[PDB]
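Asks: Attaching a single structure in C-alpha cells format; questions to follow.
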Amino acid sequence: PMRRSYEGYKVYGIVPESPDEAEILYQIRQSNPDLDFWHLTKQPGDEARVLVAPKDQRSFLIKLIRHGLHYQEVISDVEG
Amino acid sequence: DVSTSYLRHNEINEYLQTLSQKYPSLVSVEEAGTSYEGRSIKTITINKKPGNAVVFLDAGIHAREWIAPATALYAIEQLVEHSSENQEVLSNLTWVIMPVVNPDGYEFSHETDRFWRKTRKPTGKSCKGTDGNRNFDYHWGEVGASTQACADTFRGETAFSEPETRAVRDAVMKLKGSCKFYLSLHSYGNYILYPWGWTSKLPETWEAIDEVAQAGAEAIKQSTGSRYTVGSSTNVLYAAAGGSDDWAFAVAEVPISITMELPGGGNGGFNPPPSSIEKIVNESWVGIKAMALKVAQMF
Ligand SMILES: [Zn+2]
C-alpha cells in the first residue's frame, strides 16, 4: 500500500579518467553507507552511477569538486 | 513467453511446478531451502542422467538485479520447452538452475523499494538484510565487505548466516563432485568474470576458465555485436571476499566458476523496460549456451 519515497533523490554519473580517480570513488562508497552506488568498476571510460539522498547531495558533490572528478546529474528527480 | 515481463516469486515457482508436471521425464523440481520469511527456494533439474557433467546456474541473489532471474527463466524455457533446439547442451550436460536465490529481497524490491539489494533477515536492532554475495565462507570478511549491519555490502553476522546462501551451498554440494560449471548471473555491466573475487593473484587454472568465458563473449559478439569484457574479477571490480563464485571454485571444487554481469537498461541499468527483456535474455542465452557447450566439450 505504501512504498519508499525517492522524492528529491538524484542520480549522478561519474567517469573517472585514471585508476586513481576511480579509487577515490571506491573510498567514498566504502566510507559512506548512506550513498547507494548503482555501478562502480575499474573499466576505463565506464560511468559510475550513484543514487544520493537530499541530505547527502551537497556533501557528495563537494567531495567530487574536491577531487577534480567530472560528474553529471543524470536523474534530477527520481520522483518518489 | 516468460520474456515479456518480470515475474513475481510465486509466478516463478508456479512456472517451475507446471514444467515438473508437463515434462516428468525431463524435469524435476525440488526445494533447496526456505528463505528467512518462509518462501520456497526451488531449483529445476534438467536432463538428469548418470555420469553427466552438471551445470549449476543461479540468479537473483541481489534483489534489484531483475534481468538475472529473467535470463535464468529464459534459459529454463529454452532447455525444457525448446529442447530440440538445444541438444548440443543436453547430451552429456545436466542443468540445475536456481532462478531466484533471494526471494525475500526480490519481492521487497517489487513491493517497497526497487533498489533494495540484500536479504531481509534482521541483523540487529537497526536494519535488515545481508549481502548474500559477501556471505559465502571462503576468505569471508577479509576484504571489500562492510562490517556495518546496515550497509548494502554487509557481510552478515557470520559466513552463511543467510538461509538463502546456505541453500546455494547445499544445492551445489548435493551434486557430489559432478558439477563442472558454476555460473552466477548478476547485473549490470556486460562482464564475464571469474575468480578470484577476493584477490588479484590469478588462480592456477585461470586459462581453462578464460577459455570458457571467451567462448561466451565471442558467441554474443557474433550474434548481436555486443561487446563483453572477460577476465578475472579484480581486472574489472574492486576486490571483495565472500562471493559465490570464489566459494564454488575453492570449496565445492567446481573447475569452471563464472559470474556474468548482464546488460543494463532503463534509467538505472538494473531496470530495463519490460519491452527490452526479450532481446537481452535472447542475447544472454547465446553466451550462456556457448559457455556450456565449451564445458560439454571439455568434460
Ligand atoms: Zn549482483
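The way I read the labels, and the way they are meant: chains A, B, ... in the order of the C-alpha cells, residue 1 as the first residue of every chain, and ligand 1 as the first ligand shown, with later ones counted on from there.
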Dump the neighbourhood of ligand 1 as a PyMOL selection string: all residues within 7 Å, distances computed on only C-alpha atoms and all ligand atoms.
Replies: chain B and resi 61-62+65+186-187
Asks: Limited to C-alpha atoms, could you put the picked residues into a file as a PDB file, in the first residue's frame?
Replies:
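Contents of the output file selection08.pdb:
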```pdb
ATOM      1  CA  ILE B  61      20.967 -13.098  -5.057  1.00  0.00           C
ATOM      2  CA  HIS B  62      20.814  -9.291  -5.323  1.00  0.00           C
ATOM      3  CA  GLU B  65      19.125  -7.162 -10.458  1.00  0.00           C
ATOM      4  CA  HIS B 186      24.123 -10.592 -11.971  1.00  0.00           C
ATOM      5  CA  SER B 187      23.645  -7.126 -13.455  1.00  0.00           C
TER       6      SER B 187
END
```
Asks: Compile the contact shell of residue 121 in chain B as a PyMOL selection string: residues with an atom at most 12 Å away, counting only C-alpha atoms, same-chain residues fewer than 4 positions apart removed.
Replies: chain B and resi 35-38+102-105+108+125-132+149-150+154+156-157+161-164
Asks: With distances taken over only C-alpha atoms, which residue among B:67, B:236, B:89, B:16 lies nearest chain A?
Replies: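 The closest residue to chain A is B:236.
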Asks: Hey, can you check how far CA of residue 213 in chain B sits from CA of residue 250 in chain B?
Replies: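 So the answer is 18.2 Å.
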Asks: Please, which residues of chain A, numbered as in this document, come out helix (DSSP H, G or I) from DSSP, as a PyMOL selection string?
Replies: chain A and resi 19-31+54-66
Asks: Can you spit out the residues from that selection as an mmCIF file, in the first residue's frame, using N, CA and C atoms?
Replies:
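What landed in part-v7.cif:
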```cif
data_model
loop_
_atom_site.group_PDB
_atom_site.id
_atom_site.type_symbol
_atom_site.label_atom_id
_atom_site.label_comp_id
_atom_site.auth_asym_id
_atom_site.auth_seq_id
_atom_site.Cartn_x
_atom_site.Cartn_y
_atom_site.Cartn_z
ATOM 1 N N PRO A 19 43.055 5.353 -12.919
ATOM 2 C CA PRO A 19 42.833 4.444 -11.785
ATOM 3 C C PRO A 19 42.756 5.156 -10.446
ATOM 4 N N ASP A 20 43.495 6.255 -10.272
ATOM 5 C CA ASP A 20 43.438 6.986 -9.010
ATOM 6 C C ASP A 20 42.073 7.635 -8.801
ATOM 7 N N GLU A 21 41.488 8.195 -9.862
ATOM 8 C CA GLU A 21 40.169 8.806 -9.726
ATOM 9 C C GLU A 21 39.109 7.765 -9.396
ATOM 10 N N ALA A 22 39.181 6.599 -10.041
ATOM 11 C CA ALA A 22 38.248 5.521 -9.731
ATOM 12 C C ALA A 22 38.403 5.065 -8.286
ATOM 13 N N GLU A 23 39.643 5.011 -7.794
ATOM 14 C CA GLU A 23 39.875 4.614 -6.411
ATOM 15 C C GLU A 23 39.254 5.600 -5.432
ATOM 16 N N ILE A 24 39.242 6.891 -5.773
ATOM 17 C CA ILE A 24 38.578 7.882 -4.929
ATOM 18 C C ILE A 24 37.099 7.547 -4.777
ATOM 19 N N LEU A 25 36.440 7.182 -5.881
ATOM 20 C CA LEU A 25 35.042 6.763 -5.812
ATOM 21 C C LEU A 25 34.870 5.554 -4.900
ATOM 22 N N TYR A 26 35.808 4.605 -4.959
ATOM 23 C CA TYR A 26 35.721 3.418 -4.116
ATOM 24 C C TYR A 26 35.789 3.774 -2.635
ATOM 25 N N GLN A 27 36.700 4.677 -2.256
ATOM 26 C CA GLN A 27 36.787 5.081 -0.855
ATOM 27 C C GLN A 27 35.520 5.801 -0.414
ATOM 28 N N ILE A 28 34.932 6.604 -1.303
ATOM 29 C CA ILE A 28 33.675 7.277 -0.983
ATOM 30 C C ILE A 28 32.575 6.254 -0.732
ATOM 31 N N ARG A 29 32.485 5.233 -1.588
ATOM 32 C CA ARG A 29 31.493 4.184 -1.379
ATOM 33 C C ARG A 29 31.735 3.452 -0.063
ATOM 34 N N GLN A 30 32.989 3.070 0.202
ATOM 35 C CA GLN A 30 33.280 2.260 1.380
ATOM 36 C C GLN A 30 33.055 3.024 2.678
ATOM 37 N N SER A 31 33.141 4.353 2.647
ATOM 38 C CA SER A 31 33.096 5.146 3.867
ATOM 39 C C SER A 31 31.757 5.829 4.113
ATOM 40 N N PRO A 54 18.649 13.575 -0.593
ATOM 41 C CA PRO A 54 18.805 15.033 -0.437
ATOM 42 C C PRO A 54 19.758 15.450 0.672
ATOM 43 N N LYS A 55 19.752 14.752 1.812
ATOM 44 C CA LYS A 55 20.620 15.132 2.923
ATOM 45 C C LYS A 55 22.098 14.933 2.604
ATOM 46 N N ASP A 56 22.424 14.118 1.600
ATOM 47 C CA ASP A 56 23.808 13.817 1.258
ATOM 48 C C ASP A 56 24.294 14.527 0.002
ATOM 49 N N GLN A 57 23.415 15.236 -0.707
ATOM 50 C CA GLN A 57 23.756 15.719 -2.041
ATOM 51 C C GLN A 57 24.852 16.777 -1.994
ATOM 52 N N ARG A 58 24.731 17.757 -1.093
ATOM 53 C CA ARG A 58 25.728 18.822 -1.046
ATOM 54 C C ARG A 58 27.104 18.283 -0.668
ATOM 55 N N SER A 59 27.168 17.410 0.339
ATOM 56 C CA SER A 59 28.459 16.879 0.767
ATOM 57 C C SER A 59 29.077 15.987 -0.304
ATOM 58 N N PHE A 60 28.253 15.188 -0.985
ATOM 59 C CA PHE A 60 28.768 14.290 -2.016
ATOM 60 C C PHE A 60 29.369 15.071 -3.176
ATOM 61 N N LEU A 61 28.668 16.105 -3.644
ATOM 62 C CA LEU A 61 29.173 16.884 -4.769
ATOM 63 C C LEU A 61 30.454 17.625 -4.405
ATOM 64 N N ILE A 62 30.539 18.137 -3.177
ATOM 65 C CA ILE A 62 31.753 18.818 -2.738
ATOM 66 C C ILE A 62 32.934 17.859 -2.761
ATOM 67 N N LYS A 63 32.707 16.604 -2.358
ATOM 68 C CA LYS A 63 33.755 15.594 -2.458
ATOM 69 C C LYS A 63 34.184 15.400 -3.907
ATOM 70 N N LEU A 64 33.226 15.419 -4.836
ATOM 71 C CA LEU A 64 33.563 15.367 -6.256
ATOM 72 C C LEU A 64 34.369 16.594 -6.671
ATOM 73 N N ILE A 65 33.922 17.782 -6.255
ATOM 74 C CA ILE A 65 34.645 19.013 -6.576
ATOM 75 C C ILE A 65 36.044 18.986 -5.976
ATOM 76 N N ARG A 66 36.164 18.510 -4.735
ATOM 77 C CA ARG A 66 37.460 18.496 -4.063
ATOM 78 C C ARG A 66 38.494 17.685 -4.839
#
```
Asks: Any idea what the distance is between CA of residue 212 in chain B and CA of residue 292 in chain B?
Replies: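 Result for CA of residue 212 in chain B versus CA of residue 292 in chain B: 7.9 Å, one decimal.
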Asks: With only C-alpha atoms considered, list every residue of chain B at most 12 Å from chain A, as a VMD selection string.
Replies: chain B and resid 62 64 to 65 108 to 117 143 to 154 187 to 191 228 to 231 233 to 240 261 264 266 to 271
Asks: Restrict the selected residues to C-alpha atoms and save them as a CSV table (one decimal), in the first residue's frame.
Replies:
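The resulting result.csv:
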```
chain,number,residue,atom,x,y,z
B,62,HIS,CA,20.8,-9.3,-5.3
B,64,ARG,CA,17.2,-5.3,-7.7
B,65,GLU,CA,19.1,-7.2,-10.5
B,108,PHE,CA,10.6,-6.4,-1.3
B,109,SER,CA,12.1,-4.7,-4.4
B,110,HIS,CA,8.8,-5.2,-6.2
B,111,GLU,CA,6.6,-4.1,-3.3
B,112,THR,CA,8.5,-1.4,-1.5
B,113,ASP,CA,12.0,-0.4,-2.7
B,114,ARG,CA,13.1,-1.0,-6.3
B,115,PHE,CA,16.7,-0.6,-5.4
B,116,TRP,CA,16.9,-3.0,-2.5
B,117,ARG,CA,19.8,-5.3,-2.8
B,143,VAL,CA,38.3,-7.5,2.0
B,144,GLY,CA,35.7,-5.5,0.2
B,145,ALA,CA,32.8,-6.4,2.6
B,146,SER,CA,31.4,-3.9,5.1
B,147,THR,CA,31.2,-4.8,8.8
B,148,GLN,CA,28.3,-2.4,9.2
B,149,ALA,CA,24.9,-4.1,9.6
B,150,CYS,CA,23.0,-1.5,7.6
B,151,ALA,CA,25.5,-1.2,4.7
B,152,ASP,CA,24.4,-2.6,1.3
B,153,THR,CA,27.6,-4.8,1.3
B,154,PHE,CA,27.1,-6.1,4.8
B,187,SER,CA,23.6,-7.1,-13.5
B,188,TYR,CA,24.8,-4.9,-14.8
B,189,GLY,CA,27.8,-4.1,-17.0
B,190,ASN,CA,28.5,-6.7,-19.7
B,191,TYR,CA,31.2,-8.6,-18.0
B,228,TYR,CA,31.6,-8.2,-23.2
B,229,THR,CA,34.7,-7.7,-21.1
B,230,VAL,CA,36.2,-11.0,-20.0
B,231,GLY,CA,38.8,-11.5,-17.2
B,233,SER,CA,37.2,-10.3,-11.3
B,234,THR,CA,39.7,-7.8,-10.0
B,235,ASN,CA,40.5,-6.7,-13.6
B,236,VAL,CA,37.1,-5.0,-13.5
B,237,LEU,CA,35.8,-4.9,-9.9
B,238,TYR,CA,37.5,-4.0,-6.7
B,239,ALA,CA,38.4,-7.0,-4.6
B,240,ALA,CA,35.6,-8.4,-2.4
B,261,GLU,CA,27.1,-9.2,-15.3
B,264,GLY,CA,21.9,-2.8,-18.3
B,266,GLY,CA,16.4,1.7,-18.2
B,267,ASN,CA,17.3,4.8,-16.2
B,268,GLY,CA,19.0,2.7,-13.5
B,269,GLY,CA,20.7,-0.1,-15.5
B,270,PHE,CA,19.1,-2.6,-13.1
B,271,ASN,CA,15.7,-1.9,-14.7
```
Asks: Of the residues B:298, B:159, B:209, B:53, which is the one nearest to residue 91 in chain B, using only C-alpha atoms?
Replies: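 Looking at the shortest contact to residue 91 in chain B, the residue is B:53.
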Asks: With distances taken over only C-alpha atoms, which of B:241, B:41, B:293, B:93 is nearest to residue 200 in chain B?
Replies: B:241
Asks: Looking only at strand (DSSP E) from DSSP on the backbone, list the matching residues of range 26-272 of chain B as a PyMOL selection string.
Replies: chain B and resi 27-34+40-46+53-59+93-98+179-187+191-194+229-232+256-262
Asks: Residues near residue 182 in chain B, anyone? I mean within 12 Å using only C-alpha atoms, not counting same-chain ones fewer than 4 positions away, as a VMD selection string.
Replies: chain B and resid 53 to 59 95 to 98 168 to 169 171 to 173 175 178 193 to 195 209 212 to 213 244 to 250 252 to 260 288 291 to 292 295
Asks: May I ask which of the residues B:220, B:179, B:202, B:277 is the closest one to residue 51 in chain B, counting only C-alpha atoms?
Replies: B:179
Asks: Please compute the CA of residue 282 in chain B-CA of residue 69 in chain B distance, one decimal, in Å.
Replies: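 CA of residue 282 in chain B sits 13.2 Å away from CA of residue 69 in chain B.
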Asks: Within 7 Å of residue 72 in chain A, counting only C-alpha atoms, which residues show up once you throw out same-chain ones fewer than 3 positions away? Write them as a PDB file with N, CA, C and O atoms, in the first residue's frame, please.
Replies:
```
ATOM      1  N   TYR A  12      23.812  10.580  -9.984  1.00  0.00           N
ATOM      2  CA  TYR A  12      24.944  11.237 -10.618  1.00  0.00           C
ATOM      3  C   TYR A  12      25.753  10.220 -11.404  1.00  0.00           C
ATOM      4  O   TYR A  12      25.910   9.072 -10.977  1.00  0.00           O
ATOM      5  N   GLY A  13      26.262  10.649 -12.554  1.00  0.00           N
ATOM      6  CA  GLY A  13      27.187   9.861 -13.341  1.00  0.00           C
ATOM      7  C   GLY A  13      28.582  10.460 -13.237  1.00  0.00           C
ATOM      8  O   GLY A  13      28.752  11.674 -13.337  1.00  0.00           O
ATOM      9  N   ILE A  14      29.560   9.590 -13.015  1.00  0.00           N
ATOM     10  CA  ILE A  14      30.955   9.984 -12.874  1.00  0.00           C
ATOM     11  C   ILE A  14      31.790   9.084 -13.770  1.00  0.00           C
ATOM     12  O   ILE A  14      31.680   7.855 -13.697  1.00  0.00           O
TER      13      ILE A  14
END
```
Asks: Counting only C-alpha atoms, what is within 7 Å of residue 2 in chain B, bar same-chain residues fewer than 3 positions away, as number ranges by chain?
Replies: B: 5, 73-74
Asks: Suppose we keep C-alpha atoms; can you now write the selection as a short mmCIF file (atom, residue, chain, number, x, y, z; two decimals), in the first residue's frame?
Replies:
```
data_model
loop_
_atom_site.label_atom_id
_atom_site.label_comp_id
_atom_site.auth_asym_id
_atom_site.auth_seq_id
_atom_site.Cartn_x
_atom_site.Cartn_y
_atom_site.Cartn_z
CA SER B 5 7.53 -9.25 -18.09
CA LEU B 73 13.97 -18.32 -16.55
CA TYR B 74 14.55 -17.90 -20.29
#
```
Asks: Show which residues sit within 8 Å of residue 77 in chain A, as a count of residues only. Count only C-alpha atoms, and ignore same-chain residues fewer than 5 positions away.
Replies: 4
